[PDB]
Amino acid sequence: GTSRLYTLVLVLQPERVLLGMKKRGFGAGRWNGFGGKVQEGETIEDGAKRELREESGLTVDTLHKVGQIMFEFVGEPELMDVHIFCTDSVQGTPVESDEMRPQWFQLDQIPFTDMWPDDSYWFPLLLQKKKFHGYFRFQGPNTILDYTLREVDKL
């Protein structure tokens, strides 16, 4: 099996987190961070900044590495190698698109039942600032067949 590179960015401040409700395509109807395919000719980190800009309108100076997860969906031919990043400081207001609608959530109102089910497993790592490598195997959007999470000091 082969894998494609993706990024996912979470704008995570001391008491709130920015999410986008996907309108179309992958994860439609769920809140998620901002991300997409890494392109030829850009670093993973630059891809993460570009996707944040493209998806939300926001610009960022500094991203920090949160973790990395390999996703396997049984009905898809490629694995998804997802590099996850966070930041607490952005410039601009997020802009609604045909692809998504942005919204801030207080950290006591994170809507896990309307997010990808894997978020329930690794968000506690995210919120404690603990880096990790992970793997999730899915049958469709709702069923995790198997998963592994391993906390690390350095990615």
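From 1 onward, residues are counted along the sequence shown.
Which of 144-152 and 4-12 has higher mean CA B factor, as the PDB entry lists it: Stretch with the greater average CA B-factor: 144-152.
Averaging the C-alpha B factors as listed in the entry, name the stretch that ends up higher: 122-130 or 42-50. For C-alpha atoms only, the mean B-factor is higher in 122-130.
Out of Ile110, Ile69, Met100, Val66, residue topping the C-alpha B-factor column of the entry: That would be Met100, according to the entry.
From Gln106, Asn32, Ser56, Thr62, which pick has the Cα B-factor that tops the rest in the entry? So the option with the highest C-alpha B-factor is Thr62.
Cα B factor band for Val74 (lowest, middle or highest third within the chain): It belongs to the highest third of the chain when residues are ordered by C-alpha B-factor.
Quick check for you: using the entry's CA B-factors within this chain, is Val95 in the lowest, middle or highest third? Middle third - that is where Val95 ends up once the chain's C-alpha B-factors are sorted.
Sort the modelled residues of this chain by their C-alpha B factor and say whether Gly36 lands in the lowest, middle or highest third. Middle third - that is where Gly36 ends up once the chain's C-alpha B-factors are sorted.
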